[PDB]
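Okay, here's what each chain looks like letter by letter:
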Amino acid sequence: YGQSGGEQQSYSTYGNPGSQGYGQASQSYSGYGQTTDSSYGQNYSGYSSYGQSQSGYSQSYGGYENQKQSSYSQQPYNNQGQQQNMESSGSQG
Amino acid sequence: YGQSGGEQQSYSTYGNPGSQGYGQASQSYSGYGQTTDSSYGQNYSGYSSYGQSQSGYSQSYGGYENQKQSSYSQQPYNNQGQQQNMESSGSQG
Amino acid sequence: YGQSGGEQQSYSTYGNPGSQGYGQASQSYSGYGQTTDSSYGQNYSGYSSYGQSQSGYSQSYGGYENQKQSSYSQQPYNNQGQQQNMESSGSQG
Amino acid sequence: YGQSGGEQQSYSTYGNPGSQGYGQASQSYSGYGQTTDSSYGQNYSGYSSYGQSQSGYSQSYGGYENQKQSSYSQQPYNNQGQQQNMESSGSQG
Amino acid sequence: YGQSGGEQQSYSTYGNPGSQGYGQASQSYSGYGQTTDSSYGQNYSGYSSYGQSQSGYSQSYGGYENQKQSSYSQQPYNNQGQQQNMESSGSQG
């Protein structure tokens, strides 16, 4: 068995991800068929090439700017980061 | 058995990830078929090439700027980081 | 058995990761089939090449700047780092 | 058995990681099939090449700058680092 | 048995890691199949080559600068480091 308290998870991405998977992907083979000279796939996100395919994938991006001041800025304030606060959330027999 | 308190997890990325997987990927073979001269795949994120495929994947990015001042800045304040605060969250028999 | 208090985990990346996996990937073979002259894969993130594939993956990035002042800055303040604070979170029989 | 207090973990990376794995990867073989002249893989992040594949992976990056002043800076203040503070978090019978 | 107080762990990297693993990787063989003229792998991060693959991985980076002033700086202040503070966190019978 196992007993755990509450759970907080936080994810932040500042940038261009090529692909993102968040959910559940399942691929199961419980049968007893024949796969011969073949290929099969599950592509949840991103890029899969199989069979006798001929393909190409290009992703091109310009620049990325985050919390940026161009010339002649007067006392800019830029704040970022992660803060975790936990109280009274230990374990007790 | 196992007993744990609360849990906080925080993730931050400042930049361009080629691929991100966050969720659950499962691939199971419980059957008893034949795989002969074949290939199969689960691609959750990112890039998979199999079968007799001929493929290519290019990702190209410009620059990245974070908490940046161009010329002639007067007393800019740039703050980042991680702070963890925990109180009264130990274990007790 | 095992008893633990609260848990805080914090991750920060300032830069371009080629691939990131955050979640759960499981690959199981509980069956009793034949795999002959074959290949199979689970690709959670990043790059997998198998079968008889011919492929290529290129990632190209420009520069990276973090907490940066161009010329003629007057008393810039740049702060980063990690701070952990723990109180009254030990163990007690 | 084992009893522990609270736990704080903090990770920071200033730079371009080729691949990052954060979560759980499991690969299990509990069956009794035959793998002959074959290969199989789990790729959680990063790069796996097997089967009869022919592949290549290139990652190219420009420069990296962190807490940087270009020419003619007046009394810049750059601060980074790690600080751990612990109070009253020992063990007691 | 074992009793421990609170635990703080802090990791910082200023530079480009080729690969990073943070989480749990498990590879188990509890079955009783035959692996003949074969290879299999778990790649959590970084680079694995097996099977009859032909592959290459290149990572190329420019320079790295941290807490740097270009020419003509007036009284720059650069601070980094690690500080650990512990009070009243010993053991007691």
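Above this text is the structure in question.
Here is a short report on the structure shown in this document.

A few points about the interface of chain C and chain D
(1) Moving on: At the interface, 93 residues of chain C touch 93 residues of chain D.
(2) Moving on: Among the elements that take part in the side of chain C that touches chain D, strand 1 (residues 7-14) of chain C stands out by supplying eight residues, more than any other.
(3) Moving on: In terms of residue class, the side of chain C that touches chain D is made up of 19 nonpolar, 69 polar and five charged.
(4) Moving on: Strand direction decides the pairing type here: strand 11 (residues 82-87) of chain C and strand 11 (residues 82-87) of chain D, joined by six bridges, are parallel. Among the inter-strand pairings, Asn85(C) is bridged to a residue of strand 11 of chain D, identified as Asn85(D).

What to know about a nonpolar patch on the surface
(1) Moving on: A grouping of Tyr32(A), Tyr32(B), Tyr32(C), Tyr32(D) and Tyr32(E) is seen on the molecular surface, where their side chains present a nonpolar patch of about 550 Å² in accessible area.
(2) Moving on: Relative to the helices and strands, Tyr32(D) is located in the loop between strand 3 (25-29) and strand 4 (34-36).
(3) Moving on: Its relative accessible area of 33% is what places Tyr32(D) among the partly exposed residues.

Thoughts on the environment of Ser55(E)
(1) Moving on: Positionally, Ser55(E) belongs in strand 7 (residues 54-60).
(2) Moving on: If near-sequence neighbours (up to four positions away) are discounted, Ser55(E) is found in contact with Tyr47(D), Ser49(D), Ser55(D), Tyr47(E) and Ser49(E).
(3) Moving on: Polar contacts involving the side chain of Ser55(E) include one to the side chain of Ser49(D), which spans 2.8 Å.

Re the interface of chain B and chain A
(1) Moving on: Contacts between the two partners involve 93 residues from chain B, matched on the other side by 93 residues from chain A.
(2) Moving on: No other element matches strand 1 (residues 7-14) of chain B, which puts eight residues into the side of chain B that touches chain A.
(3) Moving on: Class assignment for the residues of the side of chain B that touches chain A results in 19 nonpolar, 69 polar and five charged.

Examining the side chain of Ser71(B)
(1) Moving on: Residue placement: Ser71(B) occurs in the loop between strand 8 (64-69) and strand 9 (73-74).
(2) Moving on: Look past the residues within four positions of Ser71(B) in its chain and what remains in contact with it is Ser71(A), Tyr72(A), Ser70(C), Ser71(C) and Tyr72(C).

Comments concerning the pairing of strand 3 (residues 25-29) of chain B
(1) Moving on: Residue alternation in strand 3 of chain B divides its side chains into a buried set, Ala25(B), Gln27(B) and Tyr29(B), and an unburied set, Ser26(B) and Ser28(B).
(2) Moving on: Where strand 3 (residues 25-29) of chain A meets strand 3 of chain B, five bridges bridge the pair, whose relative direction is parallel. What sits directly across from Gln27(A), in strand 3 of chain B, is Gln27(B).

Structural notes on the environment of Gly18(A)
(1) Moving on: Relative to the elements of secondary structure, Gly18(A) occurs in the loop between strand 1 (7-14) and strand 2 (20-21).
(2) Moving on: Judged by its relative accessible area of 12%, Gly18(A) is buried.
(3) Moving on: Sequence separation of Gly18(A) and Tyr47(A) is 29 residues, and the distance between their C-alpha atoms is 9.5 Å.
(4) Moving on: If near-sequence neighbours (up to four positions away) are discounted, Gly18(A) is found in contact with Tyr57(A), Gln59(A), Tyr61(A), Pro17(B), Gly18(B), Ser19(B), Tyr57(B) and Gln59(B).

Cut-offs and rules
- Residues numbered from 1 in each chain as written, not as in the entry; some residues may be left out.
- Chains lettered and ligands numbered in written order.
- Heavy atoms only, no water.
- Residues with missing side-chain atoms left out of burial classes, pairs and counts.
- Contact = heavy atoms within 4.5 Å.
- Helix = DSSP H or I, 4+ residues; strand = E, 2+ residues; numbered from the N terminus.
- Nonpolar A, V, L, I, M, F, W, Y, C, P; charged D, E, K, R; others polar.
- Pairing = 2+ DSSP bridges.
- Patch = residues over 30% accessible without salt bridge, like charges linked within 9 Å, V, L, I, M, F, W, Y side chains within 5 Å.
- Areas by Shrake-Rupley, 256 points an atom, 1.4 Å probe, with all protein chains shown as cover.
- Salt bridge = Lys/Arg side-chain N within 4 Å of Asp/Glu carboxyl O.
- Buried < 20%, exposed > 50% of the residue type's maximum accessible area, 1.4 Å probe, protein only.
- Polar contact = N/O pair within 3.5 Å; in protein donor to acceptor, adjacent residues only side chain to side chain.

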